[PDB]
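Trainee: If you scroll down you'll find the structure; I have some questions about it.
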Amino acid sequence: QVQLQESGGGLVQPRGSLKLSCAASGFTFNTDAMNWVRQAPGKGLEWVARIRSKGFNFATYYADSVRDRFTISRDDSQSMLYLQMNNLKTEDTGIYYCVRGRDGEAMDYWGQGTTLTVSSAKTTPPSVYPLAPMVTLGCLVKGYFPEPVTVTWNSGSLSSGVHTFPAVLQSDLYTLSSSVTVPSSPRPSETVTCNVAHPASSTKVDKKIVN
Amino acid sequence: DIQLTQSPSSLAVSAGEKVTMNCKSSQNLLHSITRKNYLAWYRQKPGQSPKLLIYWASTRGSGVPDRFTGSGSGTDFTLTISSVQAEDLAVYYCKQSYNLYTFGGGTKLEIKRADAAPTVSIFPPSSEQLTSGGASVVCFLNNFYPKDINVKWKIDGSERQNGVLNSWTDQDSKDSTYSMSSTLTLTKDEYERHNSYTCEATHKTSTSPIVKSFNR
Amino acid sequence: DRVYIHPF
């Protein structure tokens, strides 16, 4: 697979800057044109920037919205598709997928898509609560911002029968839930921990469901 | 400039059916000195990046299965799928590359399936949480269908329609269902100044309201 | 030169 490691982005205040760094690998980067597409949480996709290969003197096209503020850029040698966001607004909040797309063809490969938050608010570590009662188990990640938070059961290991509900916001604070349906015998005999992380505060809490 | 309009915005179908979408362009997309219809179709699985399906209006992307057949020219392009596998659930968009890019509104494809009854589960507020002075009671109802459902929080006998946050989850690709968690946050105090708690669930799958309950 | 390439 051709990857697109997109380091960068997170919580930022309005009028602040930011600069994501898409570093792909798996094809011939210097020869293909790249793009940056965003997705406001919930809504559809929005192309935002485009930088054509060296062959065309690193030509650039910027969507109307991000015009005169954003600055797509590349560095063939290091396979680094950059993007300089300036004079950020509240709208710019969202996911910024980094995708490569050859001239006249299609948006061939989309990356993962880092997060970006624009707000006057500040980060807050989440509270993790063990919701002990096949048996249903829960894990409540209460009050945190900006989003997102990864919720995993036993270092991710437990995959089947897991429901991580979308963190709905209340009073500028998010709360997310989780339910892992683990068969009878699997516990309390064994250990069913709940590992959640909030990159925005490097909040790694792995509260073990007990009792 | 180029404004794409899709239809239908939402479409429900059962496993194994020919679903037809639709994308209409504002300006023609067929390029003169290229004779190509710069209009592509992408899909986005819930919680994933957009995946390419069709380009040049009819050419299929690498690895894209036969099920997907792009069609059209000029301004009325159509996406068509045969034998819609459960896994086909995602949102479908039609972008344009004639002059810059203008993604379409989208089309959500929901899967009509066997009606499933909610499996209600309930948890009192975590002892740990209580330590700070708050009591969040959580009630879950997983793997139910259709999506329409009603959960009422009843404390002692009174119905508490306040302070309850709840959210569903996208229809599961694995077994086309839904789940949701209702959460009646309270305070250590008020939580104590009451004794019984129930989670009532009225759903199409039942004449009788499904109810779970925990009393202190 | 005369060859067309679509920039998008």
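Each chain in the structure tokens gets a letter, A, B and so on, in the order shown; residues start at 1 in every chain, and ligands are counted from 1 in the order they appear.
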Output as JSON, numbers by chain the set of chain A residues within 12 Å of chain C, with distances taken over only C-alpha atoms.
Mentor: {"A": [32, 33, 34, 35, 47, 49, 50, 51, 52, 53, 55, 56, 58, 59, 60, 61, 62, 100, 101, 102, 103, 104, 105, 106, 107]}
Trainee: Could you write out that same residue set with N, CA, C and O atoms as a CSV table (one decimal), in the first residue's frame?
Mentor:
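Contents of selection.csv, freshly written:
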```csv
chain,number,residue,atom,x,y,z
A,32,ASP,N,4.1,13.1,-9.5
A,32,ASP,CA,2.6,13.3,-9.4
A,32,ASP,C,2.2,14.5,-8.7
A,32,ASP,O,2.9,15.1,-7.9
A,33,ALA,N,1.0,15.0,-9.1
A,33,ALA,CA,0.5,16.2,-8.4
A,33,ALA,C,-0.3,15.8,-7.2
A,33,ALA,O,-0.8,14.8,-7.1
A,34,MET,N,-0.3,16.7,-6.2
A,34,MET,CA,-0.9,16.4,-4.9
A,34,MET,C,-2.0,17.4,-4.6
A,34,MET,O,-2.1,18.5,-5.3
A,35,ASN,N,-2.8,17.1,-3.7
A,35,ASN,CA,-4.0,17.9,-3.3
A,35,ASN,C,-4.2,17.8,-1.7
A,35,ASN,O,-3.7,16.9,-1.1
A,47,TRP,N,-12.5,20.4,-1.5
A,47,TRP,CA,-11.1,20.5,-2.0
A,47,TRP,C,-10.6,21.9,-1.5
A,47,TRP,O,-11.4,22.8,-1.5
A,49,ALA,N,-6.7,22.8,-1.6
A,49,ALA,CA,-5.4,23.2,-2.2
A,49,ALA,C,-4.9,22.2,-3.2
A,49,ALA,O,-5.2,21.0,-3.1
A,50,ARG,N,-4.1,22.7,-4.2
A,50,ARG,CA,-3.5,21.8,-5.2
A,50,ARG,C,-2.1,22.4,-5.6
A,50,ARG,O,-2.0,23.6,-5.9
A,51,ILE,N,-1.1,21.5,-5.6
A,51,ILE,CA,0.2,21.9,-6.1
A,51,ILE,C,0.7,21.0,-7.2
A,51,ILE,O,0.8,19.7,-6.9
A,52,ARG,N,0.8,21.4,-8.4
A,52,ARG,CA,1.2,20.6,-9.5
A,52,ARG,C,2.7,20.4,-9.5
A,52,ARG,O,3.5,21.3,-9.0
A,53,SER,N,3.2,19.2,-10.0
A,53,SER,CA,4.6,18.8,-10.0
A,53,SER,C,5.6,19.8,-10.5
A,53,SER,O,5.3,20.8,-11.1
A,55,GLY,N,7.4,19.6,-13.0
A,55,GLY,CA,7.2,19.8,-14.4
A,55,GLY,C,6.4,21.0,-14.8
A,55,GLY,O,6.6,21.6,-15.8
A,56,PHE,N,5.5,21.4,-13.9
A,56,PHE,CA,4.8,22.6,-14.2
A,56,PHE,C,5.0,23.7,-13.1
A,56,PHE,O,4.1,24.3,-12.5
A,58,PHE,N,5.7,23.8,-10.1
A,58,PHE,CA,5.0,23.8,-8.9
A,58,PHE,C,3.8,24.7,-8.9
A,58,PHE,O,3.6,25.5,-8.0
A,59,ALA,N,3.0,24.6,-10.0
A,59,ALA,CA,1.8,25.4,-10.1
A,59,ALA,C,0.8,25.1,-8.9
A,59,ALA,O,0.8,24.0,-8.4
A,60,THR,N,0.0,26.1,-8.6
A,60,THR,CA,-0.9,26.0,-7.4
A,60,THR,C,-2.3,26.6,-7.7
A,60,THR,O,-2.4,27.6,-8.3
A,61,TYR,N,-3.3,25.9,-7.2
A,61,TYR,CA,-4.6,26.3,-7.3
A,61,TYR,C,-5.2,26.2,-5.9
A,61,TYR,O,-5.0,25.2,-5.2
A,62,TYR,N,-5.9,27.3,-5.4
A,62,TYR,CA,-6.5,27.3,-4.1
A,62,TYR,C,-8.0,27.6,-4.2
A,62,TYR,O,-8.4,28.5,-4.9
A,100,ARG,N,-3.1,12.3,-3.2
A,100,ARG,CA,-2.4,12.5,-4.5
A,100,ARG,C,-3.3,12.2,-5.6
A,100,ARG,O,-4.1,11.3,-5.6
A,101,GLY,N,-3.2,13.0,-6.7
A,101,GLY,CA,-4.0,12.9,-7.8
A,101,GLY,C,-3.4,13.4,-9.1
A,101,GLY,O,-3.3,14.6,-9.3
A,102,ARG,N,-3.0,12.4,-10.0
A,102,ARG,CA,-2.4,12.8,-11.3
A,102,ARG,C,-3.2,13.6,-12.2
A,102,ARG,O,-4.5,13.5,-12.3
A,103,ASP,N,-2.6,14.5,-12.9
A,103,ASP,CA,-3.2,15.5,-13.8
A,103,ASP,C,-4.2,14.8,-14.8
A,103,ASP,O,-3.9,13.9,-15.5
A,104,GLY,N,-5.4,15.3,-14.8
A,104,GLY,CA,-6.4,14.8,-15.6
A,104,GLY,C,-7.0,13.4,-15.3
A,104,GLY,O,-7.7,12.9,-16.1
A,105,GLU,N,-6.6,12.9,-14.2
A,105,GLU,CA,-7.1,11.6,-13.8
A,105,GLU,C,-8.1,11.8,-12.6
A,105,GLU,O,-8.9,12.7,-12.6
A,106,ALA,N,-7.9,10.9,-11.5
A,106,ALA,CA,-8.8,11.0,-10.4
A,106,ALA,C,-8.0,11.1,-9.1
A,106,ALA,O,-6.8,10.9,-9.1
A,107,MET,N,-8.7,11.5,-8.0
A,107,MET,CA,-8.0,11.6,-6.7
A,107,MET,C,-7.8,10.1,-6.2
A,107,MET,O,-8.6,9.5,-5.5
```
Trainee: Write down, as a short mmCIF file (atom, residue, chain, number, x, y, z; two decimals) with C-alpha atoms, in the first residue's frame, each residue of chain B that has any atom within 10 Å of an atom of chain C, counting only C-alpha atoms.
Mentor:
```
data_model
loop_
_atom_site.label_atom_id
_atom_site.label_comp_id
_atom_site.auth_asym_id
_atom_site.auth_seq_id
_atom_site.Cartn_x
_atom_site.Cartn_y
_atom_site.Cartn_z
CA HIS B 31 -13.93 18.44 -22.51
CA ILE B 33 -9.99 18.51 -27.01
CA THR B 34 -10.05 15.45 -24.77
CA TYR B 38 -14.22 14.84 -15.96
CA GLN B 96 -15.85 17.38 -10.81
CA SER B 97 -12.40 18.09 -12.25
CA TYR B 98 -13.26 20.10 -15.36
CA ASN B 99 -12.42 23.42 -13.71
CA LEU B 100 -11.14 23.09 -10.14
CA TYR B 101 -13.24 20.77 -7.98
#
```
Trainee: Please return, as a list in words, all residues of chain B lying within 6 Å of chain A when only C-alpha atoms are considered.
Mentor: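 Close enough to count are residues 55, 123, 126 and 169 of chain B.
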Trainee: What does the structure give for the distance between CA of residue 30 in chain A and CA of residue 49 in chain B, in Å to one decimal?
Mentor: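 Separation of CA of residue 30 in chain A and CA of residue 49 in chain B: 23.2 Å.
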Trainee: Write out as JSON, numbers by chain the residues lying within 8 Å of residue 194 in chain B, counting only C-alpha atoms and excluding same-chain residues fewer than 4 positions away.
Mentor: {"B": [155, 156, 190]}
Trainee: Which polymer residues have any atom within 8 Å of an atom of residue 205 in chain B, counting only C-alpha atoms, with same-chain residues fewer than 6 positions away left out, as an mmCIF file with C-alpha atoms, in the first residue's frame?
Mentor:
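Below is the file around.cif, written as the result:
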```cif
data_model
loop_
_atom_site.group_PDB
_atom_site.id
_atom_site.type_symbol
_atom_site.label_atom_id
_atom_site.label_comp_id
_atom_site.auth_asym_id
_atom_site.auth_seq_id
_atom_site.Cartn_x
_atom_site.Cartn_y
_atom_site.Cartn_z
ATOM 1 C CA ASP B 115 -36.326 -5.811 12.059
ATOM 2 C CA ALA B 116 -34.188 -6.316 15.168
ATOM 3 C CA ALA B 117 -35.197 -5.794 18.784
ATOM 4 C CA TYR B 145 -33.653 -2.073 13.638
#
```
Trainee: In Å, rounded to a single decimal, give me how far CA of residue 116 in chain A is from CA of residue 93 in chain A.
Mentor: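 A separation of 5.6 Å between them.
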Trainee: Counting only C-alpha atoms, what is within 12 Å of residue 6 in chain B, bar same-chain residues fewer than 4 positions away, as a list in words?
Mentor: residues 10, 11, 20, 21, 22, 23, 24, 25, 26, 41, 75, 76, 77, 78, 79, 91, 92, 93, 94, 95, 103, 104, 105, 106, 107 and 108 of chain B
Trainee: Given the selection you just returned, output its residues as a file containing N, CA, C and O atoms, formatted as an mmCIF file, in the first residue's frame.
Mentor:
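Saved file result15.cif follows:
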```cif
data_model
loop_
_atom_site.group_PDB
_atom_site.id
_atom_site.type_symbol
_atom_site.label_atom_id
_atom_site.label_comp_id
_atom_site.auth_asym_id
_atom_site.auth_seq_id
_atom_site.Cartn_x
_atom_site.Cartn_y
_atom_site.Cartn_z
ATOM 1 N N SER B 10 -30.929 10.333 0.093
ATOM 2 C CA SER B 10 -30.950 9.160 0.943
ATOM 3 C C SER B 10 -31.709 8.087 0.179
ATOM 4 O O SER B 10 -32.700 8.380 -0.493
ATOM 5 N N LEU B 11 -31.234 6.854 0.264
ATOM 6 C CA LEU B 11 -31.876 5.743 -0.416
ATOM 7 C C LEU B 11 -31.664 4.496 0.441
ATOM 8 O O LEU B 11 -30.562 4.268 0.950
ATOM 9 N N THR B 20 -29.554 2.882 -8.125
ATOM 10 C CA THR B 20 -29.109 3.887 -9.078
ATOM 11 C C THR B 20 -29.090 5.246 -8.397
ATOM 12 O O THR B 20 -30.080 5.642 -7.776
ATOM 13 N N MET B 21 -27.944 5.916 -8.442
ATOM 14 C CA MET B 21 -27.821 7.239 -7.852
ATOM 15 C C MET B 21 -28.027 8.249 -8.963
ATOM 16 O O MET B 21 -28.803 7.988 -9.880
ATOM 17 N N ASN B 22 -27.388 9.409 -8.871
ATOM 18 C CA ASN B 22 -27.525 10.420 -9.907
ATOM 19 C C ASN B 22 -26.812 11.698 -9.529
ATOM 20 O O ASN B 22 -26.916 12.162 -8.392
ATOM 21 N N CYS B 23 -26.101 12.269 -10.494
ATOM 22 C CA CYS B 23 -25.348 13.494 -10.287
ATOM 23 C C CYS B 23 -25.602 14.359 -11.507
ATOM 24 O O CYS B 23 -25.454 13.896 -12.631
ATOM 25 N N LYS B 24 -26.046 15.592 -11.280
ATOM 26 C CA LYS B 24 -26.316 16.523 -12.365
ATOM 27 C C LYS B 24 -25.422 17.746 -12.218
ATOM 28 O O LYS B 24 -25.347 18.349 -11.141
ATOM 29 N N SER B 25 -24.695 18.055 -13.289
ATOM 30 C CA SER B 25 -23.767 19.171 -13.320
ATOM 31 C C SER B 25 -24.442 20.445 -13.788
ATOM 32 O O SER B 25 -25.427 20.395 -14.520
ATOM 33 N N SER B 26 -23.909 21.583 -13.355
ATOM 34 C CA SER B 26 -24.455 22.877 -13.742
ATOM 35 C C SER B 26 -23.939 23.249 -15.128
ATOM 36 O O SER B 26 -24.676 23.765 -15.973
ATOM 37 N N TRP B 41 -16.577 9.469 -9.145
ATOM 38 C CA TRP B 41 -17.457 9.031 -8.067
ATOM 39 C C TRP B 41 -16.659 8.382 -6.963
ATOM 40 O O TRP B 41 -15.929 7.408 -7.186
ATOM 41 N N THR B 75 -23.870 16.333 -18.490
ATOM 42 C CA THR B 75 -24.275 16.818 -17.182
ATOM 43 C C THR B 75 -25.078 15.871 -16.314
ATOM 44 O O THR B 75 -25.201 16.131 -15.127
ATOM 45 N N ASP B 76 -25.655 14.812 -16.883
ATOM 46 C CA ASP B 76 -26.453 13.859 -16.093
ATOM 47 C C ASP B 76 -25.759 12.506 -15.973
ATOM 48 O O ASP B 76 -26.046 11.574 -16.727
ATOM 49 N N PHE B 77 -24.854 12.405 -15.012
ATOM 50 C CA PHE B 77 -24.099 11.185 -14.775
ATOM 51 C C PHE B 77 -24.784 10.340 -13.710
ATOM 52 O O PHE B 77 -25.255 10.859 -12.693
ATOM 53 N N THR B 78 -24.761 9.029 -13.906
ATOM 54 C CA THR B 78 -25.418 8.119 -12.986
ATOM 55 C C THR B 78 -24.509 7.027 -12.440
ATOM 56 O O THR B 78 -23.744 6.417 -13.188
ATOM 57 N N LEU B 79 -24.584 6.789 -11.136
ATOM 58 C CA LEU B 79 -23.792 5.719 -10.527
ATOM 59 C C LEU B 79 -24.782 4.578 -10.351
ATOM 60 O O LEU B 79 -25.910 4.797 -9.904
ATOM 61 N N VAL B 91 -21.338 6.861 2.226
ATOM 62 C CA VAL B 91 -21.972 7.974 1.535
ATOM 63 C C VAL B 91 -21.300 8.070 0.153
ATOM 64 O O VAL B 91 -20.086 7.839 0.025
ATOM 65 N N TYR B 92 -22.101 8.283 -0.890
ATOM 66 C CA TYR B 92 -21.588 8.376 -2.255
ATOM 67 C C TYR B 92 -21.590 9.820 -2.776
ATOM 68 O O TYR B 92 -22.604 10.510 -2.712
ATOM 69 N N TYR B 93 -20.440 10.276 -3.259
ATOM 70 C CA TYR B 93 -20.284 11.636 -3.772
ATOM 71 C C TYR B 93 -19.807 11.643 -5.223
ATOM 72 O O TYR B 93 -19.161 10.695 -5.686
ATOM 73 N N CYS B 94 -20.083 12.739 -5.921
ATOM 74 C CA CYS B 94 -19.645 12.896 -7.301
ATOM 75 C C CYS B 94 -18.920 14.232 -7.377
ATOM 76 O O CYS B 94 -19.522 15.272 -7.132
ATOM 77 N N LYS B 95 -17.607 14.192 -7.607
ATOM 78 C CA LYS B 95 -16.799 15.409 -7.691
ATOM 79 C C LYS B 95 -16.642 15.774 -9.146
ATOM 80 O O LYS B 95 -17.015 14.984 -10.008
ATOM 81 N N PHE B 103 -17.207 18.977 -5.088
ATOM 82 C CA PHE B 103 -17.863 17.751 -4.633
ATOM 83 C C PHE B 103 -19.392 17.869 -4.546
ATOM 84 O O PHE B 103 -19.933 18.953 -4.305
ATOM 85 N N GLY B 104 -20.087 16.768 -4.806
ATOM 86 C CA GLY B 104 -21.536 16.782 -4.740
ATOM 87 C C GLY B 104 -22.028 16.668 -3.307
ATOM 88 O O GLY B 104 -21.259 16.305 -2.410
ATOM 89 N N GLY B 105 -23.304 16.982 -3.086
ATOM 90 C CA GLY B 105 -23.874 16.895 -1.753
ATOM 91 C C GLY B 105 -23.670 15.516 -1.152
ATOM 92 O O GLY B 105 -23.226 15.379 -0.018
ATOM 93 N N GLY B 106 -23.956 14.490 -1.934
ATOM 94 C CA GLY B 106 -23.788 13.142 -1.449
ATOM 95 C C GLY B 106 -25.091 12.377 -1.481
ATOM 96 O O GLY B 106 -26.146 12.933 -1.801
ATOM 97 N N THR B 107 -25.002 11.085 -1.198
ATOM 98 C CA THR B 107 -26.159 10.212 -1.167
ATOM 99 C C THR B 107 -25.853 9.133 -0.159
ATOM 100 O O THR B 107 -24.863 8.409 -0.300
ATOM 101 N N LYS B 108 -26.660 9.069 0.890
ATOM 102 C CA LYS B 108 -26.470 8.057 1.912
ATOM 103 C C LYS B 108 -27.251 6.817 1.523
ATOM 104 O O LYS B 108 -28.425 6.903 1.156
#
```
Trainee: Which distance in Å separates CA of residue 7 in chain B and CA of residue 170 in chain B, to one decimal?
Mentor: 20.9 Å
Trainee: Please provide the set of residues having any atom within 8 Å of residue 199 in chain B, restricted to only C-alpha atoms, with same-chain residues fewer than 5 positions apart removed, written as a list in words.
Mentor: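 My list of contacting residues is residues 120, 122, 139, 151, 152, 153, 154, 211, 212 and 213 of chain B.
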Trainee: Among range 5-215 of chain B, which residues does DSSP mark as helix (DSSP H, G or I) when it is run on the backbone? Keep the chain and numbering as in the structure and answer as a PyMOL selection string.
Mentor: chain B and resi 32-34+86-88+127-130+188-192
Trainee: Residues at most 7 Å from residue 74 in chain B, counting only C-alpha atoms, excluding those fewer than 5 positions away in the same chain, as a list in words?
Mentor: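 Surrounding residues, per the criterion: residues 28, 29, 30 and 37 of chain B.
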Trainee: May I have the residues from that selection written out with C-alpha atoms, as a CSV table (one decimal), in the first residue's frame?
Mentor:
```csv
chain,number,residue,atom,x,y,z
B,28,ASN,CA,-21.0,20.7,-19.2
B,29,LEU,CA,-18.2,18.5,-18.1
B,30,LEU,CA,-17.3,16.9,-21.5
B,37,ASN,CA,-16.2,13.7,-19.0
```
